[PDB]
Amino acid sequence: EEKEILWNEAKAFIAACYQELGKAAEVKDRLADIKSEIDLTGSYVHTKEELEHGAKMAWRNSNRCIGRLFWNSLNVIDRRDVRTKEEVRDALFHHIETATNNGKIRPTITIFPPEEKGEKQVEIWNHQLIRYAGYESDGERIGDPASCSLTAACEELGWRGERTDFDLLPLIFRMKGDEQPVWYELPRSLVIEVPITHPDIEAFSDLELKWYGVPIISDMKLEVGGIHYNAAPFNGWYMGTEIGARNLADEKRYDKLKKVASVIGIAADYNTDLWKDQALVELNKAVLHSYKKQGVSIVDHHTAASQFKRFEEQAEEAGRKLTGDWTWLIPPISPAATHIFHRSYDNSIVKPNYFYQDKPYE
């Protein structure tokens, strides 16, 4: 029943993967071994080659990702050998340091042991490995509202935030067999942050905005050939609009546009003045400038779309169908100035891929 779904996914994945690696001759014997491994054990184990190419294919198939041109240079770290919470913690610390790479960000994924019988071996509670806490009590909002429920769960576990607007959440995860997760403070030496300044407007630093260097998404499931890697944190570098048009701008996040309008010296009184739009552009210019000034990788949305056009061209040249989610591929700033806006994309789901999964808290 599960052995069948597994075997089917395995056949489809091994054939495609080995074809891409020029190993098509070896498919028959590999499939043989897998068939017997599933019968005898209920699952099968990927070779390091399969796992690495699977994680790359999964990125290539992520419909909502504009950054896919670089799928084949993903740095895959195989941590299927971890058994203890100290090993998990150290692997997550390592991922941070190696992905950060002193600012020259390396797209990286660390892959932990996969689910067995739907039973997780390691369950990561963080949304990203580096993320700010959020607090909301009696009229008072502090930090990142998107982090309120995770922050409250951490404080249930004896963590306590300083209640600045930028408290770093601890790493928090649970091991199989433990009733409760454990948490560990992030060593500050590992976390690069960027203060936001503006190239022309000196007063912009008065807002005391900053953001962290590397987004390391840690709550998605990587599925490859029927094997479910629920713990497999990965990162790229930011596209600037994620920080400037959403994290710092959204009313339900840091909600900074009125403050930006004031420091750039425009009124925030009339919709027809387009002050939100002007403030968005200046905040986004500041974000790109600040990351560049500090030597931390970042891409602007025009360059990102130009790279994505090359991804489309490369897909066609390779004879692979392109899939994509137009609603997520268009940037939230000047979308009609990118080619993405003016074409359509087939939003079909192809595996290997990355998937949402239920939060373990809340």
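In this text, residue numbers run from 1 along the sequence as written.
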182 to 190 versus 163 to 171 - which carries the larger mean C-alpha B factor in the record: 182 to 190
147 to 155 set against 239 to 247, stretch whose average Cα temperature factor tops the other in the entry: 147 to 155
Candidate residues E52, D300, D39, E312, the one whose C-alpha B factor the record puts highest: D39
Highest-ranked of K285, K256, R141, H94 once sorted by CA temperature factor in the record: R141
Lowest, middle or highest third - CA B-factor, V27: highest
Third of the chain's Cα B-factor distribution that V260 belongs to, per the entry: lowest
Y354 by Cα B-factor - lowest, middle or highest third of the modelled chain: lowest
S43, C-alpha B-factor rank within chain (lowest, middle or highest third): highest
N61 CA temperature factor, ranked by third within the chain: middle
